[PDB]
């Protein structure tokens, strides 16, 4: 589906994607979100990092991906006691406040980088479980290397999966977001179906809770045949295809998968560039590279190779002169009048965003296009 001109460019963007991610990986193994963006620099997210790590693992850099998993594992083992205390509080009928929960931002030395009152999220822990299991399977690795950190994440998610939290976008703490539920589900199914983990004390529980997540989504997270952004809403969010691939609420051929891809395309995809959600005013609500990649990945997995390629091409067209991929671009803005104030406050849009590169690597690999 690609000529020599396109292939050369796509190959080069893959090589550069690998290079930029590994150049900016912290000494301790964390992947930063964006080394030069004011509001993100100095911090790591499990969400960004897990997708970045999966792109790097697919690319074949076992060493780099492993160092990320090492970093996460060690950070989580350090929270063994915090998690045990949260669980003990629950058992005493004293449910912890959001202010006491595990963090969203991490410093590179594994401390809280932000206050969870303001950004409490559970998705990243689910993503990490998915990521580490997938990596180990791909490369034939012994999960015992990372198991104690897996155990912390599992225990935490089994307790807290059903709690309201902010979405991937740091919005709406009172709601239960389907792509958050989906991320947790993906992680739980990954560990619950992993033969190396068959004897873990939580083995059966992970699949039972995954089933509970699917029940909740069936009851409150599907409208008019499609997934919705949060339980009890009617609208879609551009994150929702992740619920299909990779997180597996439904398979790619399911009607709800098809309808969800179609709804996201219709409501949020403009010319190949996918918006986050209709009300998005962040930088005016631009078109997100990672979301176009996510949709493309989902299209590839459904057999729509042409649609996948169209989204891959759109992403490639957003690379700057150095090959760096921004977080988002303003070719179409949902709320154009809101962009200037973001630029004025926080600077120009995060570029490179490592997650953009990670997602590019995943989509490229899905289409057989890694060099």
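Residue numbers count along the first chain shown, from 1.
Of the two stretches examined, 49-57 and 323-331, the record assigns the greater average C-alpha temperature factor to 323-331. Annotation for 293-301 versus 178-186: the higher mean temperature factor (C-alpha) is found in 293-301. Across 124, 285, 221, 192, the entry's maximum B-factor at the CA atom is seen for 285. Comparing the listed residues 145, 226, 92, 212, the entry records the largest Cα B-factor for 92.
Residue 140: CA B factor lies in the highest third for its chain, per the PDB record. Ranked by Cα temperature factor within the chain, residue 37 sits in the highest third according to the deposited record. The PDB entry assigns residue 249 a C-alpha temperature factor belonging to the highest third of its chain's modelled residues. Split the chain's modelled residues into thirds by C-alpha temperature factor. Residue 76 is in the lowest one.
Among the modelled residues of its chain, residue 336 has a C-alpha B-factor that falls in the highest third, as given in the PDB entry.
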